[PDB]
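Visitor:
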Amino acid sequence: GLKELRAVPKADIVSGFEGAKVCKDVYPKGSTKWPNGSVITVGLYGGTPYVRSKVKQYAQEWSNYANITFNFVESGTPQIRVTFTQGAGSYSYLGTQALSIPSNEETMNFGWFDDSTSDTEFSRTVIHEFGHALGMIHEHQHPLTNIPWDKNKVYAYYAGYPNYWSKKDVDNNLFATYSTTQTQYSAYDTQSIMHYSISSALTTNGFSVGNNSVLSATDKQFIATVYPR
Ligand SMILES: [Zn+2]
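Residue numbering for the sequence shown is 6 to 35, 45 to 243, as defined by PDB author numbering.
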């Protein structure tokens, strides 16, 4: 199979955020569009056969609309390298930033899948992370109220693997970024698979915001414009 990746220190994975389904922005230590028509190699590291089959299943949905294909392989150094490290959050580098990640590290992680995971949850989270793998950013419609973060909790969550974000890192990279609307679309698309989920595990009111679980009309149109036939 694939050569194993360097080990995650499971002590750096922060405990006590059970059922926190957070997409983490991640940045390489230091254009993201793939060449059009690319066939991108993907390797899966760990996970059960069931979980790995679901990832394949939903990732490849993007190719219905984009002129990009994912070739799931078990040899060499795949271009996208997917782990299943529990509790680390889910994430992907953006687009061709994957190609900047050392070969012994992952480029994508799914932090909460198991063999009881719903089809909708696989669809939502897999398509979403693969959206970032194609270069899409979060859609975030900033609410009029502002977000009621439990700042203590937010600091604790983002302090560990993979970000290792200090308090100032969190204030600049998280609160600042998500204090205003963020979009890649002309009109906002409440339906986008790329919407940024705000977990109630990180807020104070029980406030949460969720993700749509399938590709929107706008998602389908945008990605075909980026990667046309
Ligand atoms: Zn995301």
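For each residue, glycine too, the CB sits at the ideal point set by N, CA and C.
Specify, as a first and last residue, the run of the alpha helix (DSSP H) that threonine 232 falls within.
Guide: Counted from its first residue, the sequence shown places residue 232 at position 218. From DSSP, the alpha helix (DSSP H) with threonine 232 extends over 231-240.
Visitor: Any chance you could list the residues with Cβ under 6 Å from a heavy atom of ligand 1, keeping chain order?
Guide: That query returns the following residues: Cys28, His142, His146 and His152.
Visitor: Grab the span of the beta strand (DSSP E) containing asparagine 85 for me, first residue to last.
Guide: Position 71 of the sequence shown holds residue 85. Note, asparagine 85: beta strand (DSSP E), 83-87.
Visitor: In whole angstroms, what separates the C-alpha of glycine 145 from that of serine 222?
Guide: Position 131 of the sequence shown holds residue 145. Position 208 of the sequence shown holds residue 222. Their Cα atoms are separated by approximately 22 Å.
Visitor: Considering Cα atoms alone, identify which of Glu88, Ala112 and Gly103 is closest to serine 213.
Guide: To locate residue 213, count along the sequence shown from 1; it is residue 199. Among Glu88, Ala112 and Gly103, the Cα nearest to that of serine 213 belongs to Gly103.
Visitor: May I ask you to report which of helix, strand or coil DSSP gives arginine 138?
Guide: Here the question's residue 138 lines up with position 124 in the sequence shown. Helix at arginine 138.
Visitor: Between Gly21, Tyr199, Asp133 and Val87, which lies nearest to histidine 154 when the distance is taken from Cα to Cα?
Guide: Taking the sequence shown and counting its residues from 1, the one referred to as residue 154 is at position 140. Considering only alpha carbons, the answer is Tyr199.
Visitor: Can you give me the start and stop residues for the alpha helix (DSSP H) that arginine 66 sits inside?
Guide: As a working note, residue 66 is residue 52 in the sequence shown. First-last of the alpha helix (DSSP H) with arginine 66: 63-73.
Visitor: Beta carbon of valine 27, beta carbon of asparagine 85: below 8 Å?
Guide: The residue labelled residue 27 in the question sits at position 22 within the sequence shown. The residue labelled residue 85 in the question sits at position 71 within the sequence shown. Result no, Cβ atoms of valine 27 and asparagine 85 do not sit closer than 8 Å.
Visitor: With a cut-off of 8 Å, do at least 3 Cβ pairs link the segment 45-61 to the segment 132-149?
Guide: The segment 45-61 vs the segment 132-149: in contact.
Visitor: Can you say whether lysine 29 is buried or exposed, counting buried as having 16 or more other CB atoms within 10 angstroms of its CB?
Guide: The sequence position of residue 29 within the sequence shown is 24, counting from 1. Burial call: buried.
Visitor: Verify whether the separation of the beta carbon atoms of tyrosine 175 and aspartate 17 is less than 8 Å.
Guide: Residue numbering aside, residue 175 sits at position 161 when the sequence shown is read from its first letter. Residue numbering aside, residue 17 sits at position 12 when the sequence shown is read from its first letter. Result yes, Cβ atoms of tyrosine 175 and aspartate 17 sit closer than 8 Å.
Visitor: Let me know if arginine 243 comes out buried or exposed under the rule of 16 or more other beta-carbons within 10 Å of its beta-carbon.
Guide: Taking the sequence shown and counting its residues from 1, one reaches residue 243 at position 229. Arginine 243 is exposed by the Cβ-count criterion.
Visitor: Excluding the 5 residues preceding and the 5 following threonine 232 in the sequence, name in chain order all residues of the same chain whose CB lies nearer than 8 Å to its CB.
Guide: Locating residue 232 in the sequence shown gives position 218, where the first residue counts as 1. If we look at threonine 232 and ignore the five residues flanking it on each side, its Cβ neighbours are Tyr199, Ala201, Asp203, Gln205 and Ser206.
Visitor: Would you decide whether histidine 156 is buried or exposed? Buried here means 16 or more other CB atoms lie within 10 Å of its CB.
Guide: Residue 156 sits at position 142 when you count from the first residue of the sequence shown. Result: exposed.
Visitor: Are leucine 7 and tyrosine 64 touching if we call contact CB-CB under 8 Å?
Guide: Looking up residue 7 in the sequence shown gives position 2. Looking up residue 64 in the sequence shown gives position 50. Cβ atoms of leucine 7 and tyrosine 64: not closer than 8 Å.
Visitor: Let me know the secondary structure DSSP gives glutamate 119 once reduced to three states.
Guide: Numbered from 1 along the sequence shown, position 105 holds the residue referred to as residue 119. Residue state, collapsed to three classes: coil.
Visitor: Three-state secondary structure (DSSP) at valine 228?
Guide: Working through the sequence shown from its first residue, we reach residue 228 at position 214. Coil at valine 228, not helix or strand.
Visitor: Give the secondary structure of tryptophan 76 by DSSP, where H, G and I count as helix, E and B as strand, and everything else as coil.
Guide: Sequence index remark: in the sequence shown, residue 76 carries index 62 (1-based). Reduced to three states, the DSSP call for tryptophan 76 is helix.
Visitor: If you reduce the DSSP assignment to three classes, tell me which class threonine 217 lands in.
Guide: Against the sequence shown, residue 217 aligns to sequence position 203. DSSP places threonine 217 in strand when its eight states are reduced to three.
Visitor: Of the residues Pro33, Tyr105, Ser20 and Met122, which one's Cα is nearest the Cα of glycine 57?
Guide: Within the sequence shown, residue 57 is the residue found at index 43, counting from 1. Per the Cα distances, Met122.
Visitor: Might you give, ordered along the chain, the residues of its own chain that have their beta carbon closer than 8 Å to the beta carbon of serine 211, omitting 5 neighbours on each side?
Guide: Here residue 211 refers to the residue found at position 197 when the sequence shown is read from its first residue. Only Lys26, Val27, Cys28, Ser222, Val223, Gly224 and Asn225 meet the Cβ criterion.
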